[PDB]
Amino acid sequence: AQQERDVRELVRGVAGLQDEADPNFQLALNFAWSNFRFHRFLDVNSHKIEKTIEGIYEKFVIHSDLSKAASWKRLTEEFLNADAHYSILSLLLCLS
Amino acid sequence: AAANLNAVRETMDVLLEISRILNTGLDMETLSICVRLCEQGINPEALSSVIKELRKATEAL
(Lines give C-alpha, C1' and ligand atoms only; values in the text may rest on other atoms or scores of the structure.)
Protein backbone atom coordinates (compact mmCIF):
# COMPACT_ATOMS: atom_id res chain seq x y z
CA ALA A 1 0.00 0.00 0.00
CA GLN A 2 2.71 2.45 1.03
CA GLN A 3 4.91 0.62 -1.49
CA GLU A 4 2.63 1.79 -4.31
CA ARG A 5 2.72 5.38 -3.06
CA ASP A 6 6.51 5.15 -2.78
CA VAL A 7 6.90 3.95 -6.38
CA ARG A 8 4.69 6.83 -7.59
CA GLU A 9 6.75 9.36 -5.62
CA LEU A 10 9.93 7.78 -7.00
CA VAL A 11 8.64 8.39 -10.53
CA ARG A 12 7.53 11.98 -9.81
CA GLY A 13 10.82 12.67 -8.04
CA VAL A 14 13.37 11.02 -10.29
CA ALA A 15 11.64 11.46 -13.65
CA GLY A 16 10.30 14.94 -12.85
CA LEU A 17 6.69 14.04 -13.77
CA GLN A 18 4.54 15.70 -11.11
CA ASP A 19 1.16 15.25 -12.89
CA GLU A 20 -0.14 11.67 -12.56
CA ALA A 21 -2.69 12.44 -15.31
CA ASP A 22 0.21 12.68 -17.78
CA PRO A 23 0.36 9.50 -19.91
CA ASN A 24 4.13 9.68 -19.44
CA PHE A 25 3.64 9.29 -15.70
CA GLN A 26 1.69 6.05 -16.15
CA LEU A 27 4.17 4.76 -18.75
CA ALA A 28 7.07 5.40 -16.36
CA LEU A 29 5.16 3.70 -13.53
CA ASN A 30 4.28 0.61 -15.60
CA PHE A 31 7.94 0.41 -16.59
CA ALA A 32 9.12 0.72 -12.98
CA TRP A 33 6.83 -2.04 -11.70
CA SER A 34 7.52 -4.32 -14.68
CA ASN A 35 11.22 -3.83 -13.98
CA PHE A 36 10.73 -4.65 -10.27
CA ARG A 37 8.80 -7.87 -11.06
CA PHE A 38 11.29 -9.18 -13.68
CA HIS A 39 13.42 -11.12 -11.19
CA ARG A 40 16.79 -11.47 -12.84
CA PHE A 41 19.44 -10.68 -10.19
CA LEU A 42 21.06 -12.84 -7.56
CA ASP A 43 20.21 -11.80 -4.03
CA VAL A 44 22.52 -9.27 -2.43
CA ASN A 45 25.78 -10.78 -1.19
CA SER A 46 26.72 -9.11 2.10
CA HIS A 47 30.33 -10.31 2.03
CA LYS A 48 30.83 -8.82 -1.46
CA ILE A 49 29.33 -5.51 -0.30
CA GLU A 50 31.68 -5.48 2.70
CA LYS A 51 34.69 -6.08 0.45
CA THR A 52 33.65 -3.20 -1.80
CA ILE A 53 33.17 -0.84 1.17
CA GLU A 54 36.61 -1.73 2.46
CA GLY A 55 37.92 -1.24 -1.09
CA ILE A 56 36.53 2.29 -1.22
CA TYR A 57 38.26 2.99 2.10
CA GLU A 58 41.64 1.80 0.72
CA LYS A 59 41.27 4.04 -2.34
CA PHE A 60 40.69 7.09 -0.17
CA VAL A 61 43.77 6.22 1.90
CA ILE A 62 45.91 5.51 -1.19
CA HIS A 63 45.16 9.02 -2.50
CA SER A 64 45.95 10.62 0.91
CA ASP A 65 42.37 11.97 1.23
CA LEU A 66 42.48 11.41 4.98
CA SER A 67 39.37 13.41 5.91
CA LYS A 68 37.36 11.41 3.38
CA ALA A 69 38.77 8.02 4.40
CA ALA A 70 38.12 8.64 8.11
CA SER A 71 34.63 9.90 7.22
CA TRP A 72 33.95 6.89 4.99
CA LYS A 73 35.01 4.40 7.64
CA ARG A 74 33.13 6.26 10.39
CA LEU A 75 29.83 6.52 8.50
CA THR A 76 29.76 2.96 7.16
CA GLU A 77 30.79 1.48 10.53
CA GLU A 78 28.06 3.48 12.26
CA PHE A 79 25.44 2.54 9.68
CA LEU A 80 26.25 -1.17 9.74
CA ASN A 81 24.91 -1.41 13.36
CA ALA A 82 21.08 -1.44 13.56
CA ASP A 83 19.43 -7.68 5.67
CA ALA A 84 18.36 -4.23 4.49
CA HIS A 85 21.73 -2.68 5.44
CA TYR A 86 23.48 -4.35 2.51
CA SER A 87 20.61 -3.93 0.08
CA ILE A 88 20.62 -0.16 0.72
CA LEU A 89 24.40 -0.05 0.39
CA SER A 90 24.30 -2.09 -2.82
CA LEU A 91 21.84 0.40 -4.33
CA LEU A 92 24.08 3.34 -3.43
CA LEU A 93 27.10 1.50 -4.82
CA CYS A 94 25.19 0.85 -8.05
CA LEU A 95 24.28 4.55 -8.31
CA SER A 96 27.91 5.66 -7.78
CA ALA B 1 8.96 6.36 22.05
CA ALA B 2 10.12 9.82 20.97
CA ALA B 3 13.67 8.40 20.94
CA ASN B 4 13.09 6.36 17.79
CA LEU B 5 12.61 9.36 15.47
CA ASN B 6 15.96 10.89 16.43
CA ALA B 7 17.54 7.47 15.81
CA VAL B 8 15.98 7.32 12.35
CA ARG B 9 17.03 10.93 11.84
CA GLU B 10 20.64 10.00 12.69
CA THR B 11 20.72 7.01 10.35
CA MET B 12 19.13 8.90 7.44
CA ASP B 13 21.79 11.60 7.85
CA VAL B 14 24.60 9.02 7.94
CA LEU B 15 23.11 7.45 4.80
CA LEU B 16 22.80 10.78 2.99
CA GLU B 17 26.43 11.55 3.72
CA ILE B 18 27.42 8.08 2.47
CA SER B 19 25.27 8.78 -0.58
CA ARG B 20 27.08 12.10 -1.13
CA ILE B 21 30.58 10.60 -0.85
CA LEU B 22 29.53 8.06 -3.48
CA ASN B 23 28.07 10.91 -5.64
CA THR B 24 24.78 9.11 -6.33
CA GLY B 25 22.85 12.30 -7.04
CA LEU B 26 20.15 11.41 -4.52
CA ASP B 27 18.45 13.99 -2.35
CA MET B 28 17.19 13.16 1.14
CA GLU B 29 13.58 12.78 -0.09
CA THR B 30 14.33 10.26 -2.83
CA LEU B 31 16.92 8.55 -0.59
CA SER B 32 14.20 7.91 2.00
CA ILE B 33 12.02 6.42 -0.74
CA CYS B 34 14.88 4.10 -1.72
CA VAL B 35 15.45 2.97 1.89
CA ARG B 36 11.80 1.99 2.35
CA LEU B 37 11.71 0.13 -0.98
CA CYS B 38 14.85 -1.81 -0.02
CA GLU B 39 13.39 -2.64 3.42
CA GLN B 40 10.26 -3.95 1.68
CA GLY B 41 12.39 -6.26 -0.48
CA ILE B 42 12.68 -4.52 -3.85
CA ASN B 43 15.89 -5.83 -5.41
CA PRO B 44 18.47 -3.00 -5.22
CA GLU B 45 19.85 -3.70 -8.68
CA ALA B 46 16.33 -3.60 -10.06
CA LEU B 47 15.84 -0.26 -8.28
CA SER B 48 19.17 1.07 -9.57
CA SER B 49 18.14 0.04 -13.10
CA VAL B 50 14.80 1.85 -12.74
CA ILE B 51 16.32 5.02 -11.33
CA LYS B 52 18.98 5.26 -14.04
CA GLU B 53 16.45 4.90 -16.87
CA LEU B 54 13.98 7.37 -15.29
CA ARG B 55 16.88 9.84 -15.27
CA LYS B 56 18.04 8.98 -18.79
CA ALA B 57 14.60 9.83 -20.19
CA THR B 58 13.75 13.02 -18.28
CA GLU B 59 16.47 15.43 -19.35
CA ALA B 60 15.49 14.05 -22.77
CA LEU B 61 11.90 15.26 -22.22
# chains A, B, ... in the order shown; residues from 1 in each chain; ligands from 1

call {"tool": "interface_residues", "arguments": {"of": "chain B", "to": "chain A", "cutoff": "9 Å", "atoms": "only C-alpha atoms", "output": "ChimeraX atom specification"}}
result
/B:11,14-15,17-19,21-26,29-30,33-59

call {"tool": "select_by_dssp", "arguments": {"residues": "region 6-43 of chain B", "states": "helix (DSSP H, G or I)", "output": "PyMOL selection string"}}
result
chain B and resi 6-21+28-39

call {"tool": "atom_distance", "arguments": {"atom1": "CA of residue 13 (chain B)", "atom2": "CA of residue 47 (chain A)"}}
result
24.2 Å

call {"tool": "atom_distance", "arguments": {"atom1": "CA of residue 57 (chain A)", "atom2": "CA of residue 77 (chain A)"}}
result
11.4 Å

call {"tool": "atom_distance", "arguments": {"atom1": "CA of residue 70 (chain A)", "atom2": "CA of residue 54 (chain A)"}}
result
11.9 Å
